[PDB]
There are 2 protein chains.
Amino acid sequence: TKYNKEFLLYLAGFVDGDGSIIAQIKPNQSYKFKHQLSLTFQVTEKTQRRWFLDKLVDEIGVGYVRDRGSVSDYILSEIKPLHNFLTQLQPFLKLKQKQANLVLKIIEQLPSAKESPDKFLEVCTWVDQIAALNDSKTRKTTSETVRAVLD
Amino acid sequence: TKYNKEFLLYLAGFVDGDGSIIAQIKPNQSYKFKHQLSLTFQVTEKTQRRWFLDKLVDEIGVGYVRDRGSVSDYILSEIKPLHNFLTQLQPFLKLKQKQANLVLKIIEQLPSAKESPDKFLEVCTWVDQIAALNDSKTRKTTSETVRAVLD
DNA sequence: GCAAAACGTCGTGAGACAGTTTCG
DNA sequence: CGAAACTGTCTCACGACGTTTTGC
(Lines give C-alpha, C1' and ligand atoms only; values in the text may rest on other atoms or scores of the structure.)
Protein backbone atom coordinates (compact mmCIF):
# COMPACT_ATOMS: atom_id res chain seq x y z
CA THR A 1 0.00 0.00 0.00
CA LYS A 2 1.41 3.38 -1.05
CA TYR A 3 0.48 6.24 1.31
CA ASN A 4 -0.13 9.89 0.40
CA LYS A 5 2.81 12.18 1.35
CA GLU A 6 0.56 14.78 3.04
CA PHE A 7 -0.98 12.08 5.21
CA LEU A 8 2.53 10.91 6.06
CA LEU A 9 3.83 14.41 6.86
CA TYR A 10 0.98 15.19 9.22
CA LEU A 11 1.14 11.73 10.74
CA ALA A 12 4.87 11.87 11.34
CA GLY A 13 4.38 15.11 13.31
CA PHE A 14 1.55 13.51 15.24
CA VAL A 15 3.60 10.35 15.94
CA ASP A 16 6.59 12.45 17.04
CA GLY A 17 4.07 13.91 19.51
CA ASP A 18 1.69 11.23 20.86
CA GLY A 19 3.21 8.22 19.19
CA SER A 20 5.61 5.49 20.18
CA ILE A 21 7.91 3.14 18.27
CA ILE A 22 8.55 0.15 20.55
CA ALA A 23 10.80 -2.90 20.47
CA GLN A 24 10.54 -5.52 23.25
CA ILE A 25 12.20 -8.84 24.17
CA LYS A 26 9.51 -10.92 25.83
CA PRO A 27 10.44 -13.93 27.98
CA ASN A 28 8.40 -16.80 26.53
CA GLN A 29 9.24 -20.48 26.85
CA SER A 30 7.59 -21.48 23.53
CA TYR A 31 10.26 -19.82 21.35
CA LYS A 32 13.56 -21.58 20.63
CA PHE A 33 15.56 -18.72 22.17
CA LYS A 34 12.94 -18.42 24.96
CA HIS A 35 12.07 -14.87 23.97
CA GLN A 36 9.89 -13.22 21.45
CA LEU A 37 11.20 -10.18 19.52
CA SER A 38 8.14 -7.92 19.59
CA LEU A 39 7.75 -4.70 17.63
CA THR A 40 4.97 -2.14 17.94
CA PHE A 41 4.05 1.15 16.35
CA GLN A 42 1.46 2.91 18.47
CA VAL A 43 -0.40 6.15 18.94
CA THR A 44 -2.08 6.90 22.27
CA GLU A 45 -4.99 9.37 22.65
CA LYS A 46 -7.70 10.18 25.18
CA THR A 47 -10.67 7.85 24.52
CA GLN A 48 -13.09 10.70 23.82
CA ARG A 49 -10.78 11.28 20.85
CA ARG A 50 -10.56 7.64 19.68
CA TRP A 51 -12.38 8.65 16.53
CA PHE A 52 -8.98 9.98 15.48
CA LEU A 53 -7.42 6.52 16.09
CA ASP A 54 -10.37 4.78 14.38
CA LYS A 55 -9.71 6.93 11.29
CA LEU A 56 -6.08 5.78 11.39
CA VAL A 57 -7.13 2.15 11.12
CA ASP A 58 -9.01 3.15 7.94
CA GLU A 59 -6.27 5.41 6.52
CA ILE A 60 -3.39 3.04 7.25
CA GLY A 61 -5.59 0.05 6.28
CA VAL A 62 -4.18 -2.24 8.96
CA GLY A 63 -3.93 -2.32 12.78
CA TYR A 64 -6.62 -1.72 15.38
CA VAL A 65 -7.60 0.29 18.40
CA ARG A 66 -7.58 -0.97 21.94
CA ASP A 67 -9.41 0.72 24.75
CA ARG A 68 -7.85 0.98 28.19
CA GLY A 69 -10.16 3.18 30.20
CA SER A 70 -9.46 6.89 29.84
CA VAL A 71 -7.14 6.51 26.84
CA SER A 72 -6.99 4.32 23.74
CA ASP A 73 -4.24 3.26 21.39
CA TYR A 74 -3.93 2.64 17.70
CA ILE A 75 -1.72 -0.45 17.51
CA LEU A 76 0.15 -1.87 14.53
CA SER A 77 2.28 -5.00 15.08
CA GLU A 78 2.00 -7.11 11.89
CA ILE A 79 5.62 -6.96 10.69
CA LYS A 80 4.90 -6.92 6.96
CA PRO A 81 2.52 -3.88 6.98
CA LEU A 82 4.70 -2.36 9.75
CA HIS A 83 7.79 -2.46 7.55
CA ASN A 84 5.83 -1.09 4.60
CA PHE A 85 4.35 1.72 6.71
CA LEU A 86 7.48 2.70 8.66
CA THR A 87 9.57 2.76 5.47
CA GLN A 88 7.32 5.50 4.05
CA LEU A 89 6.93 7.35 7.33
CA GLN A 90 10.53 7.55 8.52
CA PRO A 91 11.71 10.20 6.02
CA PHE A 92 9.41 12.63 7.76
CA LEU A 93 10.09 11.75 11.44
CA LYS A 94 12.29 14.17 13.41
CA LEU A 95 12.15 12.88 16.95
CA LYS A 96 11.57 9.16 16.39
CA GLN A 97 13.29 8.55 13.05
CA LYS A 98 16.21 6.69 14.61
CA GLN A 99 13.75 4.29 16.29
CA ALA A 100 11.89 3.74 13.04
CA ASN A 101 15.14 2.94 11.25
CA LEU A 102 16.20 0.49 13.97
CA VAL A 103 12.84 -1.28 13.73
CA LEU A 104 13.09 -1.61 9.97
CA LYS A 105 16.58 -3.03 10.53
CA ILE A 106 15.31 -5.60 13.05
CA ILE A 107 12.39 -6.67 10.84
CA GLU A 108 14.59 -7.35 7.82
CA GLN A 109 17.04 -9.25 10.04
CA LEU A 110 14.38 -11.40 11.71
CA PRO A 111 14.74 -14.56 9.55
CA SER A 112 18.49 -14.57 10.19
CA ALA A 113 17.88 -13.97 13.89
CA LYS A 114 15.84 -17.16 14.10
CA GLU A 115 18.77 -19.21 12.74
CA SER A 116 21.63 -18.10 15.01
CA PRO A 117 21.84 -17.33 18.76
CA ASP A 118 24.63 -14.81 18.18
CA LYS A 119 22.60 -13.02 15.52
CA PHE A 120 19.48 -13.10 17.70
CA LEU A 121 21.49 -11.55 20.52
CA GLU A 122 22.81 -8.95 18.04
CA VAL A 123 19.24 -8.05 17.13
CA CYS A 124 18.38 -7.81 20.81
CA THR A 125 21.20 -5.23 20.95
CA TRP A 126 19.30 -2.97 18.52
CA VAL A 127 16.23 -3.31 20.74
CA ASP A 128 18.39 -1.96 23.57
CA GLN A 129 19.19 1.06 21.35
CA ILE A 130 15.54 1.78 20.59
CA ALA A 131 14.70 1.72 24.29
CA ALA A 132 17.60 4.06 25.07
CA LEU A 133 16.29 6.47 22.40
CA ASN A 134 12.78 6.36 23.99
CA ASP A 135 11.85 7.79 27.42
CA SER A 136 12.22 4.26 28.78
CA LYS A 137 11.28 3.96 32.48
CA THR A 138 10.08 0.37 33.22
CA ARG A 139 12.13 -1.89 30.94
CA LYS A 140 13.27 -5.24 32.35
CA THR A 141 14.39 -7.55 29.59
CA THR A 142 17.50 -6.53 27.66
CA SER A 143 20.07 -8.20 25.40
CA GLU A 144 22.07 -8.86 28.62
CA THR A 145 19.20 -10.78 30.18
CA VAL A 146 18.90 -12.86 26.98
CA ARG A 147 22.62 -13.69 26.84
CA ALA A 148 22.53 -15.12 30.37
CA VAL A 149 19.57 -17.39 29.52
CA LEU A 150 21.21 -18.66 26.32
CA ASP A 151 24.43 -19.43 28.18
CA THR B 1 6.28 35.49 6.57
CA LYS B 2 4.99 32.64 4.37
CA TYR B 3 5.78 29.11 5.56
CA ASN B 4 6.52 26.07 3.39
CA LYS B 5 3.55 23.68 3.13
CA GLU B 6 5.39 20.52 4.15
CA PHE B 7 6.69 22.35 7.21
CA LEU B 8 3.10 23.25 8.19
CA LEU B 9 1.72 19.74 7.53
CA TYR B 10 4.29 18.15 9.86
CA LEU B 11 3.91 20.90 12.48
CA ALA B 12 0.12 20.64 12.50
CA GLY B 13 0.45 17.00 13.40
CA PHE B 14 3.07 17.79 16.03
CA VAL B 15 0.82 20.53 17.46
CA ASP B 16 -2.25 18.24 17.48
CA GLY B 17 -0.03 15.97 19.61
CA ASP B 18 2.17 17.94 22.04
CA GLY B 19 0.78 21.44 21.39
CA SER B 20 -1.81 23.68 22.98
CA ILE B 21 -3.85 26.58 21.54
CA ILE B 22 -4.76 28.65 24.58
CA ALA B 23 -7.16 31.51 25.30
CA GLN B 24 -7.26 33.13 28.75
CA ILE B 25 -9.11 35.92 30.59
CA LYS B 26 -6.62 37.16 33.17
CA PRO B 27 -7.89 39.32 36.05
CA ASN B 28 -5.63 42.39 36.13
CA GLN B 29 -6.51 45.83 37.53
CA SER B 30 -4.59 47.99 35.03
CA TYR B 31 -7.08 47.02 32.31
CA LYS B 32 -10.23 48.99 31.63
CA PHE B 33 -12.48 45.95 31.97
CA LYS B 34 -10.22 44.54 34.71
CA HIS B 35 -9.09 41.53 32.68
CA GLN B 36 -6.51 40.91 29.97
CA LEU B 37 -7.49 38.80 26.97
CA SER B 38 -4.43 36.55 26.57
CA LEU B 39 -3.82 34.18 23.65
CA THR B 40 -0.98 31.63 23.45
CA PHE B 41 0.25 29.04 21.01
CA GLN B 42 2.59 26.61 22.72
CA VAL B 43 4.37 23.33 22.27
CA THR B 44 5.59 21.40 25.30
CA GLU B 45 8.50 18.96 25.28
CA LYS B 46 10.86 17.30 27.77
CA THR B 47 13.88 19.61 28.26
CA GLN B 48 16.27 16.97 26.92
CA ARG B 49 14.51 17.65 23.60
CA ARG B 50 14.76 21.44 23.96
CA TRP B 51 16.73 21.60 20.69
CA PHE B 52 13.56 20.78 18.76
CA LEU B 53 11.75 23.74 20.39
CA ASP B 54 14.75 26.04 19.81
CA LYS B 55 14.70 24.96 16.16
CA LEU B 56 11.01 25.96 15.98
CA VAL B 57 11.90 29.42 17.20
CA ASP B 58 14.13 29.76 14.13
CA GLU B 59 11.68 28.12 11.68
CA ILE B 60 8.59 30.00 12.83
CA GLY B 61 10.84 33.07 13.25
CA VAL B 62 9.17 34.58 16.30
CA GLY B 63 8.36 33.33 19.80
CA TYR B 64 10.73 31.86 22.34
CA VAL B 65 11.45 28.88 24.57
CA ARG B 66 11.03 28.87 28.31
CA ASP B 67 12.22 26.38 30.90
CA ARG B 68 10.22 24.88 33.75
CA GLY B 69 12.27 21.96 35.06
CA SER B 70 11.85 18.59 33.43
CA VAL B 71 10.04 20.20 30.49
CA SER B 72 10.33 23.26 28.29
CA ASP B 73 7.80 25.07 26.09
CA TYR B 74 7.99 26.90 22.78
CA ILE B 75 5.75 30.01 23.36
CA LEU B 76 4.11 32.38 20.85
CA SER B 77 1.90 35.20 22.16
CA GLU B 78 2.61 38.19 19.88
CA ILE B 79 -0.85 38.77 18.37
CA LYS B 80 0.13 39.76 14.87
CA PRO B 81 2.72 37.01 14.24
CA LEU B 82 0.39 34.53 15.97
CA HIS B 83 -2.45 35.50 13.62
CA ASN B 84 -0.22 35.10 10.58
CA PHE B 85 1.05 31.73 11.90
CA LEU B 86 -2.26 30.14 12.82
CA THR B 87 -3.82 31.33 9.57
CA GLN B 88 -1.34 29.19 7.71
CA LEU B 89 -1.40 26.27 10.14
CA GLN B 90 -5.14 25.78 10.72
CA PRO B 91 -5.95 24.23 7.38
CA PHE B 92 -3.86 21.19 8.38
CA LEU B 93 -4.91 20.84 12.00
CA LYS B 94 -7.29 17.99 12.92
CA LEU B 95 -7.76 18.02 16.69
CA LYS B 96 -7.18 21.69 17.37
CA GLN B 97 -8.47 23.40 14.21
CA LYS B 98 -11.54 24.80 15.98
CA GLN B 99 -9.44 26.27 18.78
CA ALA B 100 -7.17 27.87 16.20
CA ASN B 101 -10.02 29.43 14.23
CA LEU B 102 -11.57 30.75 17.43
CA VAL B 103 -8.22 32.33 18.42
CA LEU B 104 -8.05 33.95 14.98
CA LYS B 105 -11.59 35.30 15.44
CA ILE B 106 -10.79 36.69 18.88
CA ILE B 107 -7.70 38.50 17.59
CA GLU B 108 -9.67 40.04 14.71
CA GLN B 109 -12.31 41.26 17.16
CA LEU B 110 -9.92 42.52 19.87
CA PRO B 111 -10.20 46.17 18.68
CA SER B 112 -13.98 46.25 19.04
CA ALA B 113 -13.90 44.17 22.22
CA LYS B 114 -11.92 47.07 23.69
CA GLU B 115 -14.60 49.67 22.90
CA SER B 116 -17.65 47.92 24.34
CA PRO B 117 -18.24 45.85 27.53
CA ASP B 118 -20.82 43.81 25.66
CA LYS B 119 -18.40 43.10 22.83
CA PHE B 120 -15.80 42.20 25.48
CA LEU B 121 -18.24 39.65 26.88
CA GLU B 122 -19.08 38.15 23.52
CA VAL B 123 -15.36 37.67 22.83
CA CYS B 124 -14.88 36.25 26.34
CA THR B 125 -17.57 33.71 25.34
CA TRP B 126 -15.33 32.61 22.49
CA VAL B 127 -12.62 31.99 25.12
CA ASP B 128 -15.11 29.74 26.94
CA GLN B 129 -15.53 27.75 23.78
CA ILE B 130 -11.75 27.19 23.37
CA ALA B 131 -11.36 25.95 26.92
CA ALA B 132 -14.31 23.58 26.33
CA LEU B 133 -12.58 22.18 23.23
CA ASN B 134 -9.30 21.57 25.11
CA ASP B 135 -8.91 19.15 28.06
CA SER B 136 -9.50 21.96 30.53
CA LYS B 137 -9.36 21.04 34.21
CA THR B 138 -7.97 23.99 36.24
CA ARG B 139 -9.72 26.99 34.65
CA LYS B 140 -10.82 29.71 37.12
CA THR B 141 -11.76 32.84 35.10
CA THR B 142 -14.58 32.59 32.56
CA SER B 143 -16.91 34.98 30.70
CA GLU B 144 -19.25 34.52 33.67
CA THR B 145 -16.56 35.96 35.94
CA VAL B 146 -16.15 38.99 33.71
CA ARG B 147 -19.92 39.43 33.46
CA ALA B 148 -20.07 39.75 37.25
CA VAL B 149 -17.19 42.26 37.43
CA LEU B 150 -18.67 44.39 34.64
CA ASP B 151 -21.35 45.21 37.25
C1' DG C 1 -4.09 50.56 29.38
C1' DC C 2 -2.82 47.03 26.90
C1' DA C 3 0.71 43.76 24.84
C1' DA C 4 3.99 40.57 26.06
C1' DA C 5 7.18 38.51 29.17
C1' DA C 6 7.97 36.04 33.35
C1' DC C 7 7.24 32.73 36.60
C1' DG C 8 4.25 28.97 38.75
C1' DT C 9 1.36 24.55 38.94
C1' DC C 10 -2.93 21.01 38.72
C1' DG C 11 -4.11 16.61 37.22
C1' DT C 12 -3.64 14.22 33.76
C1' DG C 13 -3.03 12.12 28.70
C1' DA C 14 0.15 10.05 27.33
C1' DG C 15 4.39 7.03 26.14
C1' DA C 16 6.66 2.63 27.05
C1' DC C 17 6.97 -1.17 28.58
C1' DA C 18 5.53 -6.11 31.10
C1' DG C 19 3.11 -10.57 31.26
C1' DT C 20 0.02 -13.94 29.41
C1' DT C 21 -2.81 -16.01 25.68
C1' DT C 22 -4.43 -17.37 21.21
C1' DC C 23 -4.17 -20.43 17.22
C1' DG C 24 -2.55 -21.00 12.12
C1' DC D 1 7.26 -22.51 16.89
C1' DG D 2 5.91 -18.15 16.48
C1' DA D 3 3.18 -13.83 14.53
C1' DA D 4 0.04 -11.17 16.76
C1' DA D 5 -3.44 -10.32 20.01
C1' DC D 6 -5.08 -9.42 24.69
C1' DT D 7 -4.67 -7.21 29.18
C1' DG D 8 -2.41 -4.38 32.86
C1' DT D 9 -0.08 -0.19 34.79
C1' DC D 10 4.03 2.35 35.95
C1' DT D 11 6.10 7.03 35.61
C1' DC D 12 6.00 10.44 33.83
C1' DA D 13 5.98 14.21 29.87
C1' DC D 14 2.81 16.81 28.95
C1' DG D 15 -1.22 20.14 28.08
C1' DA D 16 -3.78 23.95 30.03
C1' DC D 17 -4.34 26.96 32.83
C1' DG D 18 -3.19 30.64 36.84
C1' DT D 19 -0.68 34.90 39.04
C1' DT D 20 2.61 38.67 38.71
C1' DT D 21 5.75 41.90 36.54
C1' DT D 22 7.57 44.69 32.26
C1' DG D 23 7.59 48.25 29.28
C1' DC D 24 6.11 51.61 26.05
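Here is how names work: the chains are called A, B, and so on, in the same order as the sequence lines, proteins then strands, and each is numbered from 1.
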### Task
Assess the side chains of A:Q109 and A:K119: does a donor N or O sit below 3.5 Å from an acceptor N or O?
yes
### Task
Count the heavy atoms belonging to other residues, nucleotides or ligands that lie under 6.0 Å from NZ of B:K32, then report whether that count exceeds 12.
yes
### Task
Under 4.0 Å from any atom of DNA chain D, heavy atoms only: list the residues of residues 28-56 of chain B that qualify, in numerical order.
B:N28, B:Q42, B:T44, B:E45, B:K46, B:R49
### Query
Are a donor atom and an acceptor atom from the side chains of B:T47 and B:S72 found within less than 3.5 Å of each other?
yes
### Query
Who passes side chain to side chain contact (heavy atoms under 4.5 Å, CB included) against B:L133, sequence neighbours left out?
B:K98, B:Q99, B:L102
#### Entry: Residue pairs passing the ring-ring contact (aromatic ring centres under 6.0 Å, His included) test where at least one lies in residues 98-131 of chain B, sequence neighbours excluded
B:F33-B:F120
### Bend angle of the helix from C:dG1-D:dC24 to C:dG24-D:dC1, from helix axes over five pairs at each end, nearest 10°
40°
### Query
Under a 4.0 Å N-O cut-off, is there an ion pair linking B:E108 with B:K105?
no
### Query
For DNA chain C, which residues in residues 15-27 of chain B have a heavy atom at a distance below 4.0 Å?
B:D18, B:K26
### Message
Tell me whether A:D67 is salt-bridged to A:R50, with the criterion being a basic N under 4.0 Å from an acidic carboxylate O.
### Response
no
### Summary
Residue set satisfying ring-ring contact (aromatic ring centres under 6.0 Å, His included) with B:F52, at least two apart, ordered chain then number -> B:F14
### Query
If you measure from the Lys or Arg side-chain nitrogens to the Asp or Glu carboxylate oxygens, is any gap between B:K55 and B:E59 under 4.0 Å?
yes
### Task
With sequence neighbours excluded, give me every ring-ring contact (aromatic ring centres under 6.0 Å, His included) pair touching residues 93-115 of chain A.
none
### Near-ring test A:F85/A:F41, centroid separation under 6.0 angstrom
yes
### Message
Any salt bridge linking A:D16 with B:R49? Criterion: basic side-chain nitrogen under 4.0 Å from a carboxylate oxygen.
### Response
no
### Task
Decide whether B:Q90 and B:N101 meet the rule of one side-chain donor and one side-chain acceptor closer than 3.5 Å.
yes
### Query
Without hydrogens or angle criteria, can the side chains of B:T44 and B:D73 be said to hold a donor-acceptor pair below 3.5 Å?
yes
### Query
Can you tell me if B:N134 and B:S136 form a side-chain donor-acceptor pair at under 3.5 Å?
no
### Query
Can you tell me if NZ on B:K140 sees more than 12 non-hydrogen neighbours from other groups inside 6.0 Å?
no
### Query
How would you label the contact of B:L110 with the nucleic acid (heavy atoms, under 4.0 Å): base, sugar-phosphate, or nothing?
sugar-phosphate
### Residues touching DNA chain D, which here means a heavy atom under 4.0 Å, drawn from residues 115-129 of chain B
none
### Query
Would B:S112 and B:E115 count as having a side-chain donor-acceptor pair, cut-off 3.5 Å?
no
### Query
Can you list the steps and then say if B:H35 with B:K26 is a side-chain contact (heavy atoms from CB on, under 4.5 Å)?
CA-CA 5 Å; B:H35 309 90; B:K26 302 175 171 181; over 6 Å; no
### Query
Would you say the side chain of A:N84 lies within less than 4.5 Å of the side chain of A:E78, judging by non-hydrogen atoms?
no
### Query
Would you call A:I25 and A:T145 a side-chain contact if the rule is heavy atoms closer than 4.5 Å?
no
### Query
Under a 4.0 Å heavy-atom cut-off, which of residues 130-146 of chain B touch DNA chain D?
B:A131, B:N134, B:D135, B:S136, B:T138, B:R139, B:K140, B:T141
## Note on the structure
The first and last nucleotides of DNA chain D lying within contact of chain B, meaning any atom under 4.0 Å from one of its heavy atoms, run from D:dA13 to D:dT21
### Query
Between A:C124 and A:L37, what is the shortest heavy-atom contact and its length?
SG-CD2, 4.1 Å
### Near-strand residues of residues 73-103 of chain B, defined as heavy-atom separation under 4.0 angstrom from DNA chain D
B:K96
### Message
Check A:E144 with A:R147, please: is the shortest side-chain N to carboxylate O separation under 4.0 Å?
### Response
no
### Query
Quick one: how far along DNA chain C does chain B reach, first to last nucleotide 5' to 3', anything under 4.0 Å to a heavy atom?
C:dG1 to C:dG15
